[PDB]
Amino acid sequence: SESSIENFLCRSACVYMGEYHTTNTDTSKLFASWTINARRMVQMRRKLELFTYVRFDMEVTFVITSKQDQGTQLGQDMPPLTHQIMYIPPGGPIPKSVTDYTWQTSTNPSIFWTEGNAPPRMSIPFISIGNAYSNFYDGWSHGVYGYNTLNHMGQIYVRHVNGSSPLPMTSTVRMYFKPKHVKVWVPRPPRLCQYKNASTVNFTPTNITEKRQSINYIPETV
Amino acid sequence: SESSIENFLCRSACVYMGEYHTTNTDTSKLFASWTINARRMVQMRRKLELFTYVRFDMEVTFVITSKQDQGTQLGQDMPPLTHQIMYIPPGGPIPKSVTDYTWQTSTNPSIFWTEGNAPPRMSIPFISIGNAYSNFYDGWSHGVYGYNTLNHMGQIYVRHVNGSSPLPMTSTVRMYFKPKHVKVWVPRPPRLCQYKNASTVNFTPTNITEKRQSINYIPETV
Amino acid sequence: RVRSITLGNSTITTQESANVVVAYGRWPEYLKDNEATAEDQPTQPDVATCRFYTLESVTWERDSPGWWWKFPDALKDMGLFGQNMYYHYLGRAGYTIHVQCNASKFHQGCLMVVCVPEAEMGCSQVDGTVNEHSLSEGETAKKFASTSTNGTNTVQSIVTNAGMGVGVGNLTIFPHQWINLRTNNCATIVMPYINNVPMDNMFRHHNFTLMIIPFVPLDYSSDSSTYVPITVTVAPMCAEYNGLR
Amino acid sequence: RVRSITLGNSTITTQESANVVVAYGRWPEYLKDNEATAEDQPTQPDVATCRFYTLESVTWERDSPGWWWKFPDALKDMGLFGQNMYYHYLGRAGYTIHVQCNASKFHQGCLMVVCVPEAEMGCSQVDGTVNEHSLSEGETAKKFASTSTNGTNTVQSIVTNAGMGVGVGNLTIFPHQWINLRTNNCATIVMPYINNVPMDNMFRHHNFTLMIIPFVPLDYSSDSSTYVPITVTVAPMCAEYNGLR
Amino acid sequence: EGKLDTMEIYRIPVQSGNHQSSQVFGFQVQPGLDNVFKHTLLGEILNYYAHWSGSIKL
Amino acid sequence: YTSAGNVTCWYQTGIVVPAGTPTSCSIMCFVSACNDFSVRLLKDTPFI
């Protein structure tokens, strides 16, 4: 009953930790970004490789902290900061800067939040025109091996909701991920190799198990 | 079921971002102001131009942050700030300064709020002596073309609720807008032109679609 | 004590005391009527799909790591089944695989016969992309290796990892049979259609892979035959395609 | 006043006031069960046989003697119907032929459309054997001649004898329609399987021949189009082959 | 090229004479992506959604 | 680079006219959607 599929997988984990600033000279360090694939968190990856097709809902909680730079200016009296967290479905537009029009589009679901309150949280349905996600794919996209276009699940963008010419602060986000209502099909043998990259199944040859003294060896009874 | 009218429109967006101070030498930089028309947020504008007459309730949430100026004075121990948010119906008085008597009138609904708490929120009914709002009007006011007097929906004013001779801080407000119980009539073709101003339907002539090589051209099958 | 089976204009003979594995308990069938009811029109040829297609024989010797076949792309030149792979844009099928071998009572050896669904294989070098020609040769079996491979574009086909980075003793989680030469020399596996969509293209996607691996190697003595041939015979079952009208 | 017909993934549109000729009163059908009951096994594909195959258009001008097509060998490259002509050794089918043309009300002309069963044609020179290439080009229409032909291996394709030594005014004994341009511009003929054995080979025997002959030649005036295109669309009906199992 | 702001963009040019094998037109049926179908009434609605499927009447 | 269906039109015969008619002619095309049509995952439009 503790070996049920739901108790084995319905558990939370930190999957991404990014940093983003209020003012900078880089314009890519002004927002935080993460493509959502289930092959780049090594926590849940090996537990999912026991199965061939999976189907679940997704629940995401956010933990956000800030600090003021140690550059020059003290004596401030700042109000609490506001943060925007935008989810893009598979097939939506992608921003390029924090001042883009794409932060304001009516079809990207977004969350606004101010510090001191409870941490924010939203839930995602099973978003696939297919009938299950695919942990394994033996074939081509149309041409990249192993990758198909049915495992698109979206992206996450975070920025500050300041006005104009803000004060210099730097923020950090932790994204916590959790699957719900999980169903699996076609079990597979476990991975007896260390993972090399986050896209393929490539590996180096490793031994089957560890050695002992002889085929008759049994350690002494205490 | 995702193409229903309610799922297509009942979604939130930031429509205005203003800034206002506790003490200044301008007296118009001491409060924040926004006239509420549905032709100055480009998010919801193009989605509304598919219809001729609309009818909805309105829900508005506010996100407010503050900071202390970097001018001279540090070592402060300030209490949390209070903010006043006043809605004026169509046909109410309008303030001219923050010290005006019109901030205290019994018929403008107002919200008082202090920082650290949950963000404030109020709801508005369908306020029109007509039976629907008008996205399009072919005629005169009585004389401005395209503008009638049945789409008056009100204004929003925000200031600080300090005492006398306050400390210098500057605040920022984000207004989030959301329509509810939406009903539409008489569909229209979409807008194949970039919007020029926020009052008229003026435009420049653009091409119907994009070109290709010939009338027989089909790209190669992969 | 011989049963003879006919499909179309094909006839093979098996032993009626053979033992059959159905893959996950599921026979093949057609997709019923109304999952895509409006305009998605299906059809089935049924005529020259249900017949036995016999591949060639492979030679088993003392030093043979194994053989594998991709399904389909191993029936792409097999007559009418390879014809409908060209004309139709979508399709699905199930299969019945017979594997047989001919040995004496003075030989010894042991085979594993397994059908691995979506056997996604890794490249020989770590930061590389696998080529499609190193995955399949069509009707010709590829070969595993008894040592670790190198070069570029090669599949890391050491037999202990089975090209998948898993332990080869754990492929019993898949539909499998054992062939032990001092007992039976036949194996039959029925394989339904398994995918995450109802129909799909047949040149871009490999559904499953048939693998044959010797755990106990073949050995013989003085004047026996130095080889044993293995024979694979495939019958497509309940195949179905998109409509063209 | 337009009817639209779909077969597989093909759609054409006709006029619902069209008039249909069934050849000798007989619709096509399968051979029933038990004329060859014991071991002669039949089968039918049914899937990509019932769909419209559209040939090219021919150009009708002032001096055009006619066009002809051999059935089959005109569908031998038409996809799956040409596939089963290769794999199967025996077969039979019926057909439905639509013939259509596009003209104005300022054109005039008159066509005969006839399907001649076993149109055995004679050679141009008397003591000679006809070549097979002078009988058919496949999908491309051959042409008659308005004068008597010569040379060797040519078919004596003067249009008044129709290549058969008969009078061309007497081809109304066969299943036929007239197309008169001041009236309809469409013709449809349903043609069952007609042979002296139930099944036969499809490369050695030409079952019938479609001929199109203008009796009143096309004429026009000042700025009209100098040509009229004619379009032929063939749907195979109730096709059947030998068993392969 | 040349006719993108005239009414001539909507007309398929049937020419006179005897040309009885040539092609008149051809295009792929891909709404939302292809420039032919992109700005129609069906095309503009399909670009508010990321996954869609159905059947089309021409 | 498509993986989609296509539609083409071919001259079967050619156009025949009488005397005193215009020369060229035109075809127009209309597109619509049938009754079953599904859409999912509301997003932003890439046109403004």
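Order of the sequence lines fixes the chain letters, A, B, ..., with proteins taken first and strands second; residue numbering starts at 1 for each chain. FYI, side chains are in, hydrogens and waters are out, and symmetry mates aren't considered; it's all heavy atoms of this structure.
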> Can you tell me if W68(C) uses its side chain to pair, donor with acceptor, with the backbone of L135(C) under 3.5 Å?
yes

> Is any side-chain heavy atom of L210(C) closer than 4.5 Å to one of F71(C)?
yes

> Going by ring-ring contact (aromatic ring centres under 6.0 Å, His included), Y133(A) matches just one of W185(A), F56(A), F51(A), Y53(A). Which one?
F56(A)

> Hey, does the side chain of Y95(C) reach the backbone of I189(C) with a donor-acceptor pair shorter than 3.5 angstrom?
no

> Check whether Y241(D) reaches the backbone of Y87(D) with its side chain - one donor and one acceptor, N or O, closer than 3.5 Å.
no

> Looking at side-chain heavy atoms only, is the closest gap between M202(D) and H88(D) below 4.5 Å?
no

> Between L46(E) and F37(F), is a side-chain contact (heavy atoms from CB on, under 4.5 Å) present by the stated rule, with each step listed?
CA-CA 10 Å; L46(E) 261 57; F37(F) 213 94; 3.8 Å; yes

> Is it true that a side-chain atom of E120(C) and a backbone atom of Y137(A) form a donor plus acceptor pair closer than 3.5 Å?
yes

> I'd like to know if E240(C) and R92(C) make a salt bridge, using a cut-off of under 4.0 Å between side-chain N and carboxylate O.
yes

> With a 4.5 Å heavy-atom cut-off, do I127(A) and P89(A) have their side chains touching?
no

> Do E49(A) and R188(A) sit within salt-bridge range, that is, some charged N less than 4.0 Å from a carboxylate O?
no

> Just checking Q15(C): does its CD atom have more than 12 heavy atoms from other residues, nucleotides or ligands closer to it than 6.0 angstrom?
no

> Can you see which heavy atom on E16(D) is nearest to which on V2(D), and at what distance?
OE1-N, 3.5 Å

> Looking only at atom types and distance, does a side-chain atom of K47(A) sit under 3.5 Å from a main-chain N or O of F8(A), one as donor and one as acceptor?
yes

> Which residues pass the salt bridge (charged side-chain N to carboxylate O under 4.0 Å, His left out) test with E6(A), sequence neighbours left out?
none

> Could you pull out all donor-acceptor pairs under 3.5 Å where a side-chain atom in residues 46-53 of chain D meets a protein atom, sequence neighbours excluded?
| from | atom 1 | to | atom 2 | distance (Å) |
| --- | --- | --- | --- | --- |
| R51(D) | NE | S10(D) | OG | 3.1 |
| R51(D) | NH2 | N9(D) | OD1 | 3.0 |
| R51(D) | NH2 | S10(D) | OG | 3.3 |
| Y53(D) | OH | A48(D) | O | 2.6 |

> Should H142(A) and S3(F) count as side-chain neighbours, where that means a heavy-atom distance under 4.5 Å?
no

> Listed by chain and number, what are the ring pair (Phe, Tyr, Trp, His ring centres under 6.0 Å) partners of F203(C), not counting sequence neighbours?
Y86(C)

> Under a plain distance cut-off of 3.5 Å, with no hydrogens placed, do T13(C) and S4(C) share a side-chain donor-acceptor pair?
no

> So do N135(A) and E118(C) actually touch side chain to side chain, heavy atoms under 4.5 Å?
no

> Using side-chain heavy atoms (C-beta onward) and a distance below 4.5 Å, is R39(A) in contact with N151(A)?
no

> Let me confirm one number: the NE2-CG distance from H206(C) to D73(C), rounded to the nearest 0.5 Å.
6.0 Å

> Roughly how far, to the nearest 0.5 Å, is CE of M211(C) from CG of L111(C)?
14.5 Å

> What pairs of donor and acceptor atoms, side-chain ones from residues 30-40 of chain D against any protein atom, are under 3.5 angstrom apart with sequence neighbours left out?
| from | atom 1 | to | atom 2 | distance (Å) |
| --- | --- | --- | --- | --- |
| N34(D) | ND2 | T37(D) | OG1 | 2.8 |

> Any heavy-atom pair between the side chains of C34(F) and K57(E) that's under 4.5 Å?
yes

> Look only at the side chain of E2(B) and the backbone of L41(F), and say whether a donor-acceptor pair between them is shorter than 3.5 Å.
yes

> Carefully, step by step, assess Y193(C) and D200(C) under the rule side-chain contact (heavy atoms from CB on, under 4.5 Å).
CA-CA 11 Å; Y193(C) 181 73; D200(C) 198 355; 4.0 Å; yes

> For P236(D) and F81(D), which heavy atoms make the closest approach, and how far apart are they?
CB-CE1, 4.0 Å

> Where do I12(C) and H98(C) land on the side-chain contact (heavy atoms from CB on, under 4.5 Å) test, with the steps shown first?
CA-CA 10 Å; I12(C) 61 168; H98(C) 292 281; 4.2 Å; yes

> Is it the case that over 12 heavy atoms from other parts of the model lie below 6.0 angstrom from the NZ atom of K183(A)?
no

> Pairs under 3.5 angstrom only: tabulate donor-acceptor contacts from the side chains of residues 172-179 of chain C to other protein residues two or more places apart or in another chain.
| from | atom 1 | to | atom 2 | distance (Å) |
| --- | --- | --- | --- | --- |
| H176(C) | ND1 | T172(C) | O | 3.3 |
| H176(C) | ND1 | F174(C) | O | 3.0 |
| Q177(C) | NE2 | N19(C) | O | 2.9 |

> Check the orientation of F37(E) and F27(E). Use parallel for under 30°, tilted for 30 to 60°, and perpendicular for over 60°.
perpendicular

> Can you measure from CG (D34(E)) to CG (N6(F)) and round to the nearest 0.5 angstrom?
11.0 Å

> Backbone N or O of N195(C) within a donor-acceptor pair of the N207(C) side chain at under 3.5 Å?
no

> Where do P31(E) and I56(E) come nearest, in terms of heavy atoms and distance?
CG-CD1, 3.8 Å

> If you look at every heavy atom in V186(A) and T52(A), which pair is closest and at what distance?
O-OG1, 2.7 Å

> Name all pairs fulfilling the salt bridge (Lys or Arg N to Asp or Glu O under 4.0 Å) condition that reach into residues 133-153 of chain A, sequence neighbours left out, sorted by first residue then second.
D138(A)-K70(C)

> Are the side chains of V190(C) and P28(C) in contact, using a 4.5 Å heavy-atom criterion?
yes

> Please test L55(C) against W69(C) for side-chain contact (heavy atoms from CB on, under 4.5 Å), starting from the C-alpha separation and ending with a verdict.
CA-CA 11 Å; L55(C) 305 177; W69(C) 291 270; 4.1 Å; yes

